[PDB]
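Below: the structure, in structure tokens.
What follows draws every value from the coordinates through simple rules; no lab data is involved. Note: ideal-geometry Cβ built from the backbone for every residue, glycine included; neighbour counts use all protein chains shown.
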Amino acid sequence: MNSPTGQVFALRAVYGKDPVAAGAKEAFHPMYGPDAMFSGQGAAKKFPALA
Amino acid sequence: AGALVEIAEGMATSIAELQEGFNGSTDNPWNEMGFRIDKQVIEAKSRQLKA
Amino acid sequence: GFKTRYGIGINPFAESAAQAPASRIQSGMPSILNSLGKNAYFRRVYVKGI
Amino acid sequence: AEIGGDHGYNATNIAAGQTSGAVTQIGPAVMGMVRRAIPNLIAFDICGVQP
Amino acid sequence: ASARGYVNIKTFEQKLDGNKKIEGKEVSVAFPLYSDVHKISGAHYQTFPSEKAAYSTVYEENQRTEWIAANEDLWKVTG
Amino acid sequence: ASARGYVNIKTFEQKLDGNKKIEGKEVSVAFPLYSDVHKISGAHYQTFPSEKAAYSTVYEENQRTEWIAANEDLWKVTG
Amino acid sequence: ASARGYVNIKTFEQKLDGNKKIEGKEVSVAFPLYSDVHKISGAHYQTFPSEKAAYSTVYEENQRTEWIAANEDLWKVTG
């Protein structure tokens, strides 16, 4: 590093109409699979969360 | 158990810049290293027989 | 006397449990919060009985 | 005793260039961008296609 | 709180004139307040940055004139 | 205070259901809170930054989960 | 008596902090015990050899752990 204090960006692919939101799931995540129906039924209806 | 971990870190460029009494600061010496040079000594022992 | 300046950094995405990072601007200097036992790239295993 | 000072090691104070000392530097250089790579498909040999 | 960084200032009390001391004080200042106005030189300190206050008396983002009272209060000489 | 900027979110009370509403809510948010997490889309707002919050309800640097409950408060349905 | 040489050390007490002292201790050490183990640096002393010990507390050839505990004892802080 030639100048003090480097920096590195990070581009998250975030979905749900808010690239920044509270708990906006990340799109392409090695951990986390893509939400199975988001493009699909999950746009037509909203499913009850499980708790 | 991961309770007490093991690290090595730097020195903040605010502390390292003024080190051992610069800019009015005080009590903060640098660390130093010496060398020692200690010696050993041996002796010759005899041995012998007859006929 | 000698002087050096180096500084260390954590890979962005190191933790990689995180949906999206907090604050958008996040020190890459290692610390307790981000860098302790959370880095995905490295997995430490103590062996015993050798 | 003009001091160089440091960024506070805060993440903002670096990205702004704010510095405890005299100078406020430009910015945190750039070390380049880190994206999140795309996961791999399992393709379709496992399930008959029939377009 | 500060939400950015703290510049911790630790001053060492020195004997100045007859039966008098310049009181050594430990103080933690929010960094963007400390960078804007800080008076300390020749004050026999040692300063270190940190992300949470390392001393009891803490000066947040908003003091200014309250810290401008304290930053030059380090030269107040108690008998 | 935020000391940075206040992002002012103004939602317009609309009639959602029979004799019901989504109440019009005028709220200011500290920019470094708003830039980190903001849920606004399809919120029927108009948003302007300022150096001093423009509304009585104010969410400063430190709320987070108090705003994260209040950012999705803009879709609340009322009788 | 050590019969070889005696390294005579005189340490000069000082005010370390507010109403605190680092106790000055005059001491002497057998030259071999001194060359073997001596911890004195930054201790505000002055040291001279002599055929006999020139100070009250004298360490002959065999003390060791009495002096190894004593040489580091010069940094004990008293009020």
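I want to confirm something. Restricting to the stretch A:1-20 and keeping residues that are hydrophobic (A, V, I, L, M, F, W, C) and under 23 Å from C:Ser27 (Cβ atoms), which single residue is nearest to the chain's Cα centre (by Cα)?
Here the answer is A:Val14.
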>> Quick check on this structure: which one of A:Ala22, A:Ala51, A:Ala36, A:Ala10 is surrounded by 11 or more Cβ atoms within 10 Å (Cβ to Cβ), more than 21 Å from F:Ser41 (Cβ to Cβ) and among the aliphatic types (A, V, I, L, M)?
In response: A:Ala10
>> Among the residues in the stretch G:62-70, are any part of a loop (DSSP other than H, G, I, E, B), of a type outside the set (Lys, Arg) and surrounded by fewer than 13 Cβ atoms within 10 Å (Cβ to Cβ)?
In response: yes
> Just a yes or no: is a residue in the stretch G:54-65 in contact with a strand residue (DSSP E or B) (Cβ under 8 Å, 6 or more places away or on another chain), in contact (Cβ under 8 Å) with a residue 40 or more places away in the chain and of a type in the set (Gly, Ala, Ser)?
Replying inline: yes
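Here are B:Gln19, B:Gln48: which of them is more than 10 Å from chain E (Cβ to nearest Cβ) and either polar (S, T, N, Q) or loosely packed, with under 10 Cβ neighbours inside 10 Å (or both)?
After applying the criteria, what remains is B:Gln48.
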> Does A:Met37 count as aliphatic (A, V, I, L, M), within 10 Å of chain D (Cβ to nearest Cβ) and assigned to a loop (DSSP other than H, G, I, E, B)?
Replying inline: no
> Going by the conditions given, is F:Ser28 more than 13 Å from chain A (Cβ to nearest Cβ) and buried (at least 19 other Cβ atoms within 10 Å of the Cβ)?
Replying inline: yes
>> I need the full set of residues from the stretch F:36-53 which are farther than 27 Å from E:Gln63 by Cβ, within 12 Å of the chain's Cα centre (by Cα) and assigned to a loop (DSSP other than H, G, I, E, B), in order please.
In response: F:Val37, F:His38, F:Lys39, F:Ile40, F:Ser41, F:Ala43, F:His44, F:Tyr45, F:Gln46
>> out of contact with any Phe, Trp or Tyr (no Cβ under 6 Å at 6 or more places or on another chain), in a loop (DSSP other than H, G, I, E, B) and either closer than 21 Å to E:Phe48 by Cβ or within 14 Å of chain E (Cβ to nearest Cβ) (or both): which single residue out of D:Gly27, D:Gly48, D:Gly8, D:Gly4 fits that description?
In response: D:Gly4
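Of all residues in the stretch C:2-50, count the ones that are polar (S, T, N, Q), within 10 Å of chain D (Cβ to nearest Cβ) and either farther than 16 Å from D:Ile14 by Cβ or not in a loop (DSSP other than H, G, I, E, B) (or both).
Here the count works out to 2.
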> Which members of the stretch A:3-51 meet the condition of being in contact (Cβ under 8 Å) with a residue 12 or more places away in the chain and among the hydrophobic types (A, V, I, L, M, F, W, C)?
Replying inline: A:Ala13, A:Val14, A:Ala27, A:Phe28, A:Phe38
> closer than 30 Å to A:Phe28 by Cβ, within 14 Å of the chain's Cα centre (by Cα) and hydrophobic (A, V, I, L, M, F, W, C) - does that describe any residue in the stretch D:33-48?
Replying inline: yes
>> So, E:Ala3, is that one in a loop (DSSP other than H, G, I, E, B), within 10 Å of the chain's Cα centre (by Cα) and facing another protein chain (nearest Cβ under 7 Å) or not?
In response: no
> Of the residues that sit in the stretch F:12-35 and are under 14 Å from the mean Cα position of the chain (by Cα) and either assigned to a loop (DSSP other than H, G, I, E, B) or of a type in the set (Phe, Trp, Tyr) (or both), which one is nearest to E:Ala1 (Cα to Cα)?
Replying inline: F:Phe31
> Restricting attention to the stretch C:20-37, and to residues there that are surrounded by fewer than 14 Cβ atoms within 10 Å (Cβ to Cβ) and closer than 22 Å to A:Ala24 by Cβ, which single residue is nearest to the chain's Cα centre (by Cα)?
Replying inline: C:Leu33
